[PDB]
Amino acid sequence: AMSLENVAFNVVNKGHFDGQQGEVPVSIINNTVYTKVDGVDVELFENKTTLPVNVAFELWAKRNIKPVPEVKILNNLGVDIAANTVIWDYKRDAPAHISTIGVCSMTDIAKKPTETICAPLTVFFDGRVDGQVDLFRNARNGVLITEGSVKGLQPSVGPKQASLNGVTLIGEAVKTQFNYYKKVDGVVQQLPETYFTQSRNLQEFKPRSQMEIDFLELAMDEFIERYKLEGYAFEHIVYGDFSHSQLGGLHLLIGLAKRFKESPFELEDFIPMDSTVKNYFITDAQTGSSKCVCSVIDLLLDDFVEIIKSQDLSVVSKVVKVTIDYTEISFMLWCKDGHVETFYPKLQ
Amino acid sequence: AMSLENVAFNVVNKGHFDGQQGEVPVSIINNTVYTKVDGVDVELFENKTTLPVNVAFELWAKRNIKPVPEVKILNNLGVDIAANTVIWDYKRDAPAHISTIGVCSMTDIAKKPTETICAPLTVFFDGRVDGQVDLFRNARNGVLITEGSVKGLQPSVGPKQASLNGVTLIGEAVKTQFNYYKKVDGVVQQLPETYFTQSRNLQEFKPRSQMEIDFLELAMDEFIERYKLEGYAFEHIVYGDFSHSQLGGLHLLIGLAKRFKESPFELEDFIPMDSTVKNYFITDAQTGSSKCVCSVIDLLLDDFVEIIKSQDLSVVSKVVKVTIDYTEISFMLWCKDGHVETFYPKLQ
Amino acid sequence: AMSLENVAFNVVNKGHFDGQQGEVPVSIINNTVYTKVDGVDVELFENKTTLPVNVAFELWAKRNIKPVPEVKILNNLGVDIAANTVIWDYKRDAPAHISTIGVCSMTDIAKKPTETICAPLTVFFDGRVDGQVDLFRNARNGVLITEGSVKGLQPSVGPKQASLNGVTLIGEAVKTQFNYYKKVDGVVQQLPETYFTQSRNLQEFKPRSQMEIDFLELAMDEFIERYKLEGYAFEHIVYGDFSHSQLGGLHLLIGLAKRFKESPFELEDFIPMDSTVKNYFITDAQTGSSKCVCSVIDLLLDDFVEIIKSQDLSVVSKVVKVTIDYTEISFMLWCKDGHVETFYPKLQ
Amino acid sequence: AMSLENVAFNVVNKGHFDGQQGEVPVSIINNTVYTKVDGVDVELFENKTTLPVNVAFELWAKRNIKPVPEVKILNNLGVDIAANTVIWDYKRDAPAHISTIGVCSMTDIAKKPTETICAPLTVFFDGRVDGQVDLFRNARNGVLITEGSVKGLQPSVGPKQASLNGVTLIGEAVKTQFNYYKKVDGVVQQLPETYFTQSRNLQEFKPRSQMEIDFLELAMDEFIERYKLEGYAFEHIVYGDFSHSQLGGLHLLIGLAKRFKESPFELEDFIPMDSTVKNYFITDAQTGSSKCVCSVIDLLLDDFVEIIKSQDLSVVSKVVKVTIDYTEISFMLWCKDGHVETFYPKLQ
Amino acid sequence: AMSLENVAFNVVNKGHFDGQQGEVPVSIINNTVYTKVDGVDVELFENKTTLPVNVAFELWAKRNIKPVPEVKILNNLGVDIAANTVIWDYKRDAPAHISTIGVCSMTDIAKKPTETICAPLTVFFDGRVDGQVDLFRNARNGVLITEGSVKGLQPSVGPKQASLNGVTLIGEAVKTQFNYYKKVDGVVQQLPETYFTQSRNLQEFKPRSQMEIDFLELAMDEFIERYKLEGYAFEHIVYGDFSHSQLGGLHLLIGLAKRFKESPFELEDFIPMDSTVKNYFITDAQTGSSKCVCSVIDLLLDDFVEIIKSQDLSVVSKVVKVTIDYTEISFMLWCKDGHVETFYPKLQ
Ligand SMILES: Cc1cn([C@H]2C[C@H](O)[C@@H](CN=[N+]=[N-])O2)c(=O)[nH]c1=O
Ligand SMILES: Cc1cn([C@H]2C[C@H](O)[C@@H](CN=[N+]=[N-])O2)c(=O)[nH]c1=O
Ligand SMILES: Cc1cn([C@H]2C[C@H](O)[C@@H](CN=[N+]=[N-])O2)c(=O)[nH]c1=O
Ligand SMILES: Cc1cn([C@H]2C[C@H](O)[C@@H](CN=[N+]=[N-])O2)c(=O)[nH]c1=O
Ligand SMILES: Cc1cn([C@H]2C[C@H](O)[C@@H](CN=[N+]=[N-])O2)c(=O)[nH]c1=O
C-alpha cells in the first residue's frame, strides 16, 4: 500500500525509501514536504521538479542509491525510462526520466517493462537486479549495464566512473565500471569505440596522467615544447586567450583548472544539465575578458592531444566528428598553412 | 494507517472519509488535490483554509455528516474543539476549530477528550455518539447535544434548525432540534433564556408565522396598522428607507427579503463567517441608496416585535441587550418623544 | 512560429487560436495569464489544470470549436489522443487527453498520427476534416466520427447530442449526431448495441418523450398506473424516498428534475468529470434526507423502463449489465417475491 | 500598535525589531517580504517556515539576539513555548516553537505566562529579563536560565556554548554558560548529571583537549596505543571503515573531521534540525563506501573514551543509556570475547 | 516579433538575448522558466524579482553584457531608467530599474528616450552605443557614460572599476573607467569632486597601496606609529573593539578583512542592495561581541586616513559630510581633548 506518510516514514527512519512499514504526519505547503518532529515542522524535501510536490517526493525517495551511470551517459544512449528504479538527476534536482515503470502510481506507465506500452521506449535495465538481464533480452528497446559478461552479448566497457548519490567517483569499495549493451527494435546494437569524459570539478580538479601533471606544473612554452605541440594552437585552445574583449579558446576543463588557481572567473551554467559538452558564459575576473558561449569538455589531456594530432591540417575549415561518451561530438577545425588556428566543440 | 492516498480513496468511493481501506493516486499542486482517473487528473478538493493542503483535505473528508449545530451556536457557547469529529464550517470553507481530538494526526492534540490537555478546553460532545454523554459528565469544560432527556440534567431547548452538510434545515426525516447542556470548571450551567435567529436565505425566504406572512403580503401602512406598530419606526427599521444617499434602517432579514422580490441589491459580505448578527455593505440597485455597515439579523418577526415592545422608550439613546443564540447581542435604541427613531444591532 | 504572445494575440482578436499572426504583451502570474490593454492588465486565462500555465493556455486556445463527442463518449470508446485537435474537457476545465498530435510543441508526441509512436494509441479522427477518414483507414488503433456514410464500413449511430464549446446540445443549425467507427489492432470493430445517456441539466430539464412528459406532469400513483409499473419500485428508484435519514433511491435524473421544481437540494459532485454515471452526495433541504453516494444516470425514461422490464425478477440480488454510451454499466438489482426492491447503477 | 510596515521599519533601520516608531512601504509576494528603496523592491525576508509570510517575518524580526541555549538543549528539556521572546531556530530557518506569549498577535496564546492557558506548557524563562525568575516560580511548567544563583533553587550548570544569532560560541565578551532549572507540575525537578555535545562544524573543527589533538595528528595505530584503547574498536567506531560497500562505524564528529581533511565526503542532512545525535546519509568520495543512516555525535573525545571504557564488555549486545545534553541517549554495545565490536547511537 | 519562446531560444543557443531567429518549447511553473531538452525540463531561470516570471526572464535575458557602472553609482546619480538596455542588478537578482525604454513590451514606458514620457526621468545613456550621446543632449534629464571626450561636455572621471556580468573589476581587456555626465532639467550639472569606494569582497580582499599592505601585515601599534595615527582612534574605528558585548567601531572593510583571516564572523546583509555605505548585523564568532547596525565602507585606507586627518578635532560632536561615489555621505565625528573618540558613517 503506497502512501505519502509512508514515503515520509521511510525517509525519516531509513534515509530514503526502503520498503518499511509505517507512517508519519506530513504537511505539504506549496512545494515543500514537512514532517512534525516534537511540535515543529521540519523540512524533508523542496520540490525543484516540474512534477507535483508529493510525486517528486516519492520519486526522489525511491532514487537509486547504487552507483549508476551518469545522466550524460544514459542520455547519449537514448534512455527514456528506467526499469523499476528512479535514476535521480542530481544536477537538475529532478528525475532523469519523465515516467516510471513499477515505481510510482502517478508516474507509472507500466508495472513491468514487458507491458507493451514500454516496447517503443529505450528501457534502462540493471544487471545487478535479479531478472533484469532477461527483461533486456525480451525488450524491444533497451540499455543494459552489468558487472560481468552476459552469455553471447558483445559488451561495451563503460567509463571508470559512476554516480553514487550525486557523487561521481571511481569505486574502490564498490564497482562503478559497467558493461554497456543497447537494443534498437529488437536488435542488439554494436556500441561504437569511444572516449570518455573524466567528469572532474573545477574546484576539485586532480590530474590523471603525467601529461596532465606536466600541464599543471610547467609553463605554457615548456609543456608545448616537451609534448611537441608546436603548431597545434594549445595557446588558444587549451590555455586560453584573455587579451581581447572576447575570451579566446579555453575549451578543455584542465585549462580552466589551470587558470582558476591563479585568478578566479565566473562560469554561468546557463543550460544546467549533465552533458558531454558543457556551455558556459564565462567572465574573467582579472582581465574582464569574456565569451557568451564557451564550450568546455573534460577530456584526459592525453586523449585531447591524441585527437588533435590525428587531424589532417591541410584544409581551412572542416567538421571533425569524434565519438565521446558514446555520442558523436562535432568539432570545428580551423587551419592555416598547415598549423592549427582553432579547434573547438562546434556550437549547434 | 492514515494516508493521503487512503483519504482520497474514501472520498472517491464513499464521498467522504468512511474508514474504508484502499488507495488511489494523488497529486498535490499548490492548494489543489487531484486524483488520476483513467490517465487524467480530476480535481478532488481545493484548499481555501490556512492549513496545509493535505491537512485541510483530510479534515474536510472527515467532516461530521450528521445534522450538527450551526457554527454560530457553537461559537456563542464557547466551544473550542470537538470530540472525535470535525465540525466543518461551510461559510468559511474551513474547519470550525483549530485542533482536533482523535481525528487527524497533524492536528490532534489528544486521541480522547479524557486526556489532560483537553480539560481546559470547552469540548463539544454529541450525545448521539455512544459514550459521549458520559464523557461530558466527566469533562471539566464541555457542551453537549442530545436528542432526548439526559438523566440528572435540566436541558436547554435549542433552535429548530441544524446544519446538514452545509444546508441549514428544520429536519423532517432527521432530528435537528437538540438539547443543549454546558459545563464550566466542572459545574453544569443554567443556560440563559434566549431567542434564536432563524438562519434563512434571502433568495428562498419563507415566513414562519402569520405575522411574517402578513408582513410579506400586506402593504407597509396596512401591516403597521394590523399589529398596532405606530411609533416603533418599522418604516425605517424593518421596511428600509431608500430615499437618501445613506440607506436607512433595514436591519431585519425579512425586510431585505421583501425588498429583494421587488428590486435587487448588492450585499457585500465583508466578514464571511457564521454569526448571529451579520454586517453587509449594501447598495440598492434601483435607487442608489447604500450603507457601508448594515447590520442584519434574521429574527422571527414576532420575536423582534416582542423585543422592541419590551423597551423603555423614554431615553434618547441607550444600549439594549438581548440574549440571542445564547450570546449577548447589544442593540442601539434611539428614541424621541416616546417613539422609536431607530433600533439596530450595535455596530461594535 | 509558435509563441505565448502570438497565442494571446489570437485569443484577444479572434476569441480562440486561429493561425493569425501578431503579438500582444503577456504577463504570467502564478496560474493566470494576463495581457496589457491600455496600460492595465486584463485576465485572459486561469489555469485549472495539472499542466504548466502557458502550456494549458495554448491547448485551451487551440480547443476544437466544432461540435465534438462528449468526453464521456470518447473515454468509453478508449480514445487516448486526438488527431491535430484538442478536445477540451469543460467539466474538468482541462484537456481531455494528456498528449497531442500536431497541436502544441510542449505536449506533442508526433506531428502526424501516421508516426509510429501513435500506432498503439487509440487516435480520434474527425471525418469532417479533409483526409482524416483516410488516416483512420491506415491507423492501427482509432475512433472515427463522420456526418454521413463511409464507403466500406458499417456505421454505429451515435447520440443525438454533442458538445459545442461546452454546451451539450442537439444541433439544429449544425449536425451533432455522428457515425462512429472503431479499430483495434488494425481491425474494424462492430460496436455493441447501446443506449445513450441524454446529457441534460437539472435546472433546464426538458422531457423528450410522452412518457417523460406524463412523468413530469402526472402524480406518482397516476403515472405508475398509466404505464403498468406496479411492482417495479419506481417510488423508491425514480421518485425517491425522503422519509428516512438515508435518502432512498433517486437514481434517474428525471426524478431529481421533478423534485427540484418543488423543493431544492444540494448535489455535491465529488468527482467532477464527465461520465455516463454520476455519483453525488445529496442533501434534501426540505426533509434533511441525505445519501453519501447517490449514483445518477440520465436515461430516457422509456429506456430505463425497457431495461428494468427486461430483467428476471426472481433472484434476491444480482449484477445487471447494460451497454450505455458504448461502455458496460453494472447495476445492482434487488428483488423480493418477484417484485423489484431497488435497482441502481452499481457503486463500484 | 503593531503593524507589518512598522516591523519592516525596525528591520530596515535597526537590523531587527527594536520597538521604534515608524513605517516603510512593504510589498508581500508569495513568500517574500520586500521594501521599496529608491524606486526598486529590496528583499527583506524569505519565508522558510510553515507560518504565513507576514507572521514569520514578525517573529523572525522579534528573534532573541542575546546568547540563548541551543535548540537541541531546549528540546531535550521539553520546552514548548518561550516567555515574551522568540527563540529563532537558525538550523530550520523557523521559530523554535509554534506559539508565542506576548510577542505577536497572530501567534500569541497569551500576553503573559501567568495566564492559565500556559500552565500545561513548559514555558522557557530568561533570568536576564526583569521579572522572569518570578514567573518561573509561579509557572506550573517551565525551564529557566540565569547567569547566577537563584535563592534556594538548586542549579544545573549548562554547556559552555550558546547560540548568538545562529552562531554557536563560548562567550568572551558575553556570558553563554547558564544555570538551568526545570519545573514539572509545580515541582522543581532535579536535572540529571550529563555530558554536553560540543556543537562543532566539520568545516571549522578545532580540537579541545590533548587527546583530541593527538587523535588529529597521530596515526591510528599510534593514538590507539598511546591512549591504551586496544580492544575498544575505535578503528570501526571513531576512525571508520571505508573498505566495504557499507561504510562501517564513523560515529564521532572528530572522526569525520579527521577523514575530511584527507578526502571529502557527502553528508545528506535528511532530517535537518538541531539535535544531540544527528543522522546523515554519507557517501565517501574516495572509495564509494556509503551508509544510509549514519548516526553522528560531537562528544569531546575524552568524554567518549570515558564512556566506552566504563562499559561492561562481557555481553554480546546490550542497550547502554548515557545522559547527554540532559536527554537519555541509547547506545548499542556489541561485544565479542571481552573486546568491543561496535558501539553506536542506537537507531530508533 | 518578440516572444517568450524566442527569448528562451536565444538564452539556450546564445547564452543571453542576441536578436536571433528561433523558438524553443517553454514551460512556466510558478516562478521558474523551463525548457524541454531531450524529454526532460531543464531550468532556465528562477524569478527572484517582483515582476511577472516571463517578464523578469525577458529583461534578464536582455541584460547589458558590457562593463557598466555599479548600481550604487547609478543610484547615487539618480538614474531612474536606462535607454534601450537593461542594467541588471546582480546583488538583487533583479533589474536595476522598474521600467524600460525600447526593451520589453510589458515594461516599456516608451520605445525611444525622446518620447516626452521620458523627459521627467533621469535616463541612463551609453556613449558606446551609436546615437546615445545625442539622445543625452536632447534629454531633459540624464546620466551619460562614454569612453572619451564629448565635444564641449565637461567630464567627470569615474571609478576605475565597472561591473561585467555581476563581476566587479578593473578592466584589462576592456575599458571600465568612464566619463560621467549628468543633466537636470535640460542643464548639464557639474559633478562634484569625489572619492570612490573600492568594491572589494571580504573573501577576496586584496590591498591596493603600501599603507594597505602595511595595515594587513603590521601589528596594530606598529602601523599606527608608522603612519603617525596616534589620537585618531583607528583602534576603535578601523581595527574594531571586540572586548565588550557591543562590538565597537569596525567601519572600514579592510578592518573586517584583517579580522576575517584570524577568526570568522557573521555579517547579516539585512538590506541586501548595492550601496556606497553598507549596514550589517555582525556577530564575532570568537568573542560573541556583536552590533546590530554596523555601517561599513570600502575606502582605500589612504583615502580614509586623508579624510579623518583633514578634520577639526576641537568639537565634541559634529556631522562631517564627505563626497563618495558622487553622493554626500554623512559621518559622525566624536572628539575629546583634541583626539578622536569615534568617526563613523552616520546611521540615518
Ligand atoms: C533534501 C532535498 C534533496 N533534493 C534532491 C535534489 C538534489 O540534487 C538531491 C540532494 N543531493 N545530495 N546530497 O536530492 C531536493 O530537490 N530537495 C530537497 O529538499
Ligand atoms: C470540493 C470542495 C469542497 N470544499 C468544502 C468547503 C465548502 O464549504 C464545502 C462545499 N459546500 N457544499 N456542499 O466543501 C472546499 O473547500 N473545496 C473543494 O474543492
Ligand atoms: C477564461 C477561462 C476559461 N477556462 C476554460 C475551462 C472552462 O471549462 C471553459 C469555460 N467555459 N465556457 N464557456 O474554458 C479556464 O479554465 N480558465 C479561464 O480563465
Ligand atoms: C534574511 C533572512 C533570514 N532568514 C532567517 C532564517 C535564517 O536561519 C536566519 C539568518 N541567519 N543569519 N545570519 O534568519 C530567513 O528565513 N529569510 C531571510 O530572508
Ligand atoms: C540563471 C539565473 C540567473 N538569475 C539572475 C540573477 C543573478 O544575479 C544573475 C546570475 N549571476 N551570474 N552569473 O542572473 C536569476 O535570478 N535566476 C536564474 O535562474
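Residues numbered from 1 in each chain as written, not as in the entry; some residues may be left out. Chains lettered and ligands numbered in written order. Part of a larger assembly, values for the part shown. Heavy atoms only, no water.

This entry lists X-ray crystallography as its structure determination method and reports a resolution of 2.0600 Å.

The name recorded for chain A in the PDB entry is Uridylate-specific endoribonuclease, from Severe acute respiratory syndrome coronavirus 2. Here the entry title, as the record gives it, is "Crystal Structure of SARS-CoV-2 NendoU in complex with LIZA-7".

S.K.: Is there a simple way to think about the relation of the copies chain D and chain A in this case?
M.R.: Mapping between the two copies of the chain is achieved by a rotation about an axis and a shift along the axis. Each copy of the sequence occupies a distinct position, and chain D is placed on chain A by a rotation of 120° and an axial shift of 0.0 Å, giving an RMSD of 0.0 Å. Here the symmetry operator amounts to a three-fold rotation axis. The rotation axis passes nearest to the C-alpha of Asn 30 of chain D in chain D, at a distance of 5.8 Å. (Least-squares fit on C-alpha atoms.)

S.K.: Which parts of the structure should I look at to understand the interface of chain D and chain A?
M.R.: Contact residues are listed per partner, giving 31 residues for chain D and 30 residues for chain A. When chain D packs against chain A, close to 2,300 Å² is buried across both sides, 58% of that on carbon and sulfur atoms. The interface formed by chain D and chain A holds two salt bridges in total. As a salt-bridge pair, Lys 48 of chain D and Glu 46 of chain A come within 3.7 Å of each other at their nearest N and O atoms. There are six residue pairs in polar contact connecting chain D and chain A. Every element with two or more residues in the side of chain D that touches chain A is listed here: β16 (265-268), β17 (278-284) and β18 (290-296) of chain D. In the side of chain D that touches chain A, the residues fall into twelve nonpolar, 14 polar and five charged. (Contact = heavy atoms within 4.5 Å. Buried area = accessible area lost by both parts, 1.4 Å probe. Salt bridge = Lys/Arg side-chain N within 4 Å of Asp/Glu carboxyl O. Polar contact = N/O pair within 3.5 Å; in protein donor to acceptor, adjacent residues only side chain to side chain. Helix = DSSP H or I, 4+ residues; strand = E, 2+ residues; numbered from the N terminus. Nonpolar A, V, L, I, M, F, W, Y, C, P; charged D, E, K, R; others polar.)

S.K.: Looking at this structure, how should I read the relation of the copies chain C and chain E?
M.R.: Note on the copies: chain C fits chain E at an RMSD of 0.4 Å, the axial shift is 0.4 Å, and the rotation between them is 180°. Both copies of the chain, as the preceding transformation shows, are related through a two-fold rotation axis. Most of the interface of chain C is mirrored in chain E: 95% of its interface residues are interface residues there too.

S.K.: Explanation requested: the site of ligand 5 in the structure shown.
M.R.: As a structural note, the neighbourhood of ligand 5 is formed by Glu 266 and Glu 268 of chain A together with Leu 44, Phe 45, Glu 46, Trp 60, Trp 88, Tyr 90 and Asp 93 of chain E. With respect to ligand 5, the chains having nearby residues are chains A and E. At 2.9 Å from an oxygen atom of ligand 5 is found a side-chain nitrogen or oxygen belonging to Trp 60 of chain E. Contact with the protein chains covers 78% of the free accessible surface of ligand 5, which is 440 Å². Of all the elements in the fold, those that place two or more residues in the shell around ligand 5 are β16 (265-268) of chain A together with β3 (40-46) of chain E. The element that contributes the greatest number of residues to the shell around ligand 5 is β3 of chain E, accounting for three residues. (Near = heavy atom within 4 Å. Areas by Shrake-Rupley, 256 points an atom, 1.4 Å probe, with all protein chains shown as cover.)

S.K.: Even after reading the chapter, I still don't get the sheet that holds strand β19 (residues 317-324) of chain D, so can you show me in this structure?
M.R.: Where strands meet in a sheet, backbone hydrogen bonds hold them as pairs that are either parallel or antiparallel. Residues and elements named next belong to chain D. Ordered in space as β19-β20-β21, the three strands form an open sheet in which the pairing is antiparallel. The outermost strands of the open sheet, each flanked by one partner alone, are β19 and β21 (339-345). In this sheet, adjacent strand axes meet at a mean angle of 30° when their direction is disregarded. For strand β20 (residues 327-336) and β21, the ladder comprises six bridges, and the chain directions are antiparallel. Counterpart to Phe 331 in the pairing with β21 is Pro 345. (Pairing = 2+ DSSP bridges. Axes fitted to C-alpha atoms, helices over the stretch in contact; angles between N-to-C directions.)

S.K.: Where do I start with the domain arrangement of chain A in this structure?
M.R.: Frequently, the measure chosen for interface size is the accessible area removed from exposure when the parts meet. Splitting chain A by domain gives domain 1 (1-65), domain 2 (66-191) and domain 3 (192-348). Each of domain 1 of chain A and domain 3 of chain A has a C-alpha centre, and the two are 43 Å apart. (Domains from an automatic or database assignment.)

S.K.: Teacher, can you tell me more about the arrangement of the chains here?
M.R.: Left apart from each other, chain A and chain C have a closest C-alpha approach of 7 Å. Without any contact between them, chain B and chain D keep their closest C-alpha atoms 7 Å apart.

S.K.: How should I be thinking about the side chain of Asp 89 of chain A in this particular structure?
M.R.: All names here are of chain A. Assignment of secondary structure puts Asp 89 in strand β5 (residues 88-89). One polar contact links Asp 89 to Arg 92, side chain to side chain, over a distance of 3.2 Å. In contact with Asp 89, not counting residues within four places along its chain, are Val 71, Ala 94, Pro 95 and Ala 96.

S.K.: Whenever I open this one, the interface of chain C and chain E confuses me. Can you help?
M.R.: Contacts between the two partners involve 19 residues from chain C and, on the opposite side, 18 residues from chain E. Carbon and sulfur atoms supply 60% of the area that chain C and chain E bury against each other, a total of about 1,500 Å² over both sides. Per-residue buried area on chain C facing chain E is highest for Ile 28, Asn 54 and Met 106 of chain C; these three make up 30% of the total on that side. Counting the contacts that link chain C with chain E gives zero salt bridges. Linking chain C with chain E are six residue pairs in polar contact. With four residues, strand β1 (residues 26-29) of chain C is the largest single contributor of residues to the side of chain C that touches chain E. When the residues that make up the side of chain C that touches chain E are grouped by side-chain class, the tally is eleven nonpolar, four polar and four charged.

S.K.: Would you take a moment to explain the site of ligand 2 for this structure?
M.R.: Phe 45, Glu 46, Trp 60, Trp 88, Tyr 90 and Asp 93 of chain B together with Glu 266 and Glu 268 of chain C make up every residue found near ligand 2. With respect to ligand 2, the chains having nearby residues are chains B and C. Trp 60 of chain B places a side-chain nitrogen or oxygen 3.2 Å from an oxygen atom of ligand 2. Here an oxygen atom of ligand 2 and a backbone polar atom of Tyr 90 of chain B are 3.4 Å apart. Protein coverage of the free-state accessible area of ligand 2, which is 440 Å², stands at 77%. Residue assignment for the shell around ligand 2 shows that the elements contributing at least two residues are β3 (40-46) of chain B together with β16 (265-268) of chain C. The residue makeup of the shell around ligand 2, split by class, is four nonpolar, no polar and four charged. Mapping the shell around ligand 2 onto the domain boundaries places at least three of its residues in each of domain 1 (1-65) and domain 2 (66-191) of chain B.

S.K.: Explain helix α5 (residues 210-217) of chain E to me, please; I cannot follow it from the model alone.
M.R.: Each turn of an α-helix holds 3.6 residues, which means side chains three or four residues apart point in the same direction. Residue and element names in this part refer to chain E. Burial in α5 covers these residues: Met 211, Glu 212, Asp 214, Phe 215 and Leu 216. Check the buried side of α5 and you find it contacts α6 (220-226), α7 (234-239), α8 (253-262) and α9 (301-309). Capping the start of α5 is the job of one residue whose side-chain oxygen sits 3.2 Å from the backbone nitrogen of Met 211: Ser 209. (Buried < 20%, exposed > 50% of the residue type's maximum accessible area, 1.4 Å probe, protein only.)

S.K.: Help me out: how do you make sense of the pairing of strand β10 (residues 142-146) of chain E in this one?
M.R.: On a regular strand, each side chain points to the face opposite its neighbour's, so the side chains alternate between the two faces of the sheet. Residue and element names in this part refer to chain E. Summarising burial for β10: five of the five residues are buried, a large majority. Every second residue of β10 is oriented toward a common face, with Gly 142, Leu 144 and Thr 146 on one face and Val 143 and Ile 145 on the other, all of them buried. Pairing of strand β9 (residues 123-126) with β10, which is carried by four bridges, proceeds in the parallel orientation. The partner of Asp 126 across the bridge, within β10, is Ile 145. What joins β9 to β10 is helix α4 (residues 132-138), and the crossover it makes is right-handed. Both β10 and strand β14 (residues 179-184) contribute to a ladder of five bridges, which runs antiparallel. The residue bridging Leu 144 from the neighbouring strand is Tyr 181, located in β14. (Right-handed = clockwise from strand over helix to strand, strands pointing away.)

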